[PDB]
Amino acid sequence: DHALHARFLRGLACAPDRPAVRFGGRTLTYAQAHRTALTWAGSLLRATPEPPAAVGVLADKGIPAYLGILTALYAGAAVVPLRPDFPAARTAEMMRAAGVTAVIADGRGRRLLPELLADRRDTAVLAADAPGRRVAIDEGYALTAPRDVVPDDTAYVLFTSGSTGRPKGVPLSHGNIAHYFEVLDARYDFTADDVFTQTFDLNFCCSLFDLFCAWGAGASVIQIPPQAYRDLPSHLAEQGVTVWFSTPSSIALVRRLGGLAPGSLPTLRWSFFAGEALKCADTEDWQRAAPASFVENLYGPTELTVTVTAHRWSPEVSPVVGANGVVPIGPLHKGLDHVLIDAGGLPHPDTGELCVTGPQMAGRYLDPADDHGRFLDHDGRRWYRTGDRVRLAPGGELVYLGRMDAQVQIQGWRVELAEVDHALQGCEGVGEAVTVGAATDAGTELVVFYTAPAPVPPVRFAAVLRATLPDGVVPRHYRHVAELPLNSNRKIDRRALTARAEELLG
């Protein structure tokens, strides 16, 4: 009942022969997905000495990955989404940290396993289409029913950026996620007729919304493939899409390529944005394109289980509540509580760092070391510290003001500047390298300043960085300078260099 996979069962009971997934021109019904997840999880549990605590899903987005997610939950394990396009080192660190003892892998996933399992040779490997132990898949080995779980069982492991390059692992319990979907189940009105976008990559918290708002309701998630973005009206109309969820970036993209011409997106009933500052001017173009749609801004870090706020766009309210042409994030989820900590570590009635407690709070990372500075003890309760400065209005509407620290958001990608700096020490022909976030029309862009006898080809930076960093976080701006400036206490001056970055880009 608190079980994530129970939401897929709710859909199965409601809409067995309706689509649960449309992807690459293929349809997977709830019945088809159920029977395959029972087979795969049965076969897997047959092949492992113990029920695995953590199952890696090492596949591109698609049907093999969705079946893999269900298989992991059904086996009573934590889902650990892995990206075949990530550098092997990053993927290996995620599998290590998450204690992954079994991998569900597509074609592309399987090519990486010789390297990834080099000395995890134990690992069970289920093919979704000589290191590792090949799982024999047979309907004879099927579970008849999915394994039950307790609220404190880890349902998902997701990684956020770390200051030493090593990513922080967030275990989300079935209980964490059940509190989330109780709030969303009550707020929204999804039915088995709805068709939801699946724009979020499966290593990101917001993909849970796409999959489990859909599946909980008997709806379908659909592929929004790269080419749809240059004719979104035709794609949304042909496929009868009724729920949009993406980053704000996609608004500017769709407008540039195909327009966001008013009345061009009539099929949409819900339009959701999360992961970057949402601009009022962008939201208004999207509302006028999708006039039958409610438009909502959703905010939250991985550590508070996907989203903790929601603001409904109204041309009459949002710019009044909001500041600087940015749409507000909205009031805290019912059943959560916040305290605002100012820059001195003291509570403030209406302005400071947002800290959150209640059943959506993870409460820890996989590695206890990551906990330091990320939790608060106040009023006899443990709060998570977002690093996000907010203002509170009477009636509870929250406005995002900026970051307290030196973490940045590049499109949706939350990254510590220290993560990029650590990777750059590896680089050749370079004296010193420092990464800054440059405020641009597009939000924030990584820029590297570096000393050297001569400029260093971007490809040389890229070659080193791609060995440990996902491409999302690999900068495209490299500026050779004679001298890097130092501050009061003789550390490189990132304030001065952020300003120089800004004046180079706009």
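Start at 1 with the first residue shown and count on from there.
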query: Absent coordinates between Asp129 and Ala130 - deposited residues affected, binned into four classes; finding: 10 or more
query: 295-303 or 370-378, whichever carries the higher mean Cα B-factor; finding: 370-378
query: Comparing 133-141 with 239-247, the one whose average Cα B-factor in the PDB entry is higher; finding: 133-141
query: Given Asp201, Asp337, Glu276, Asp285, the residue at which the Cα B factor reaches its maximum; finding: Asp337
query: Residue selected from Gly216, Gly345, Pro328, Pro233 by maximal Cα B factor; finding: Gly345
query: B-factor third for the C-alpha atom of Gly76 within its chain; finding: lowest
query: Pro52 by Cα B-factor - lowest, middle or highest third of the modelled chain; finding: middle
query: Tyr384 - Cα temperature factor, lowest/middle/highest third of chain; finding: middle
query: Chain third (lowest, middle, highest) by recorded CA B-factor, residue given as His34; finding: highest
query: Chain thirds of CA B-factor: placement of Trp413; finding: highest
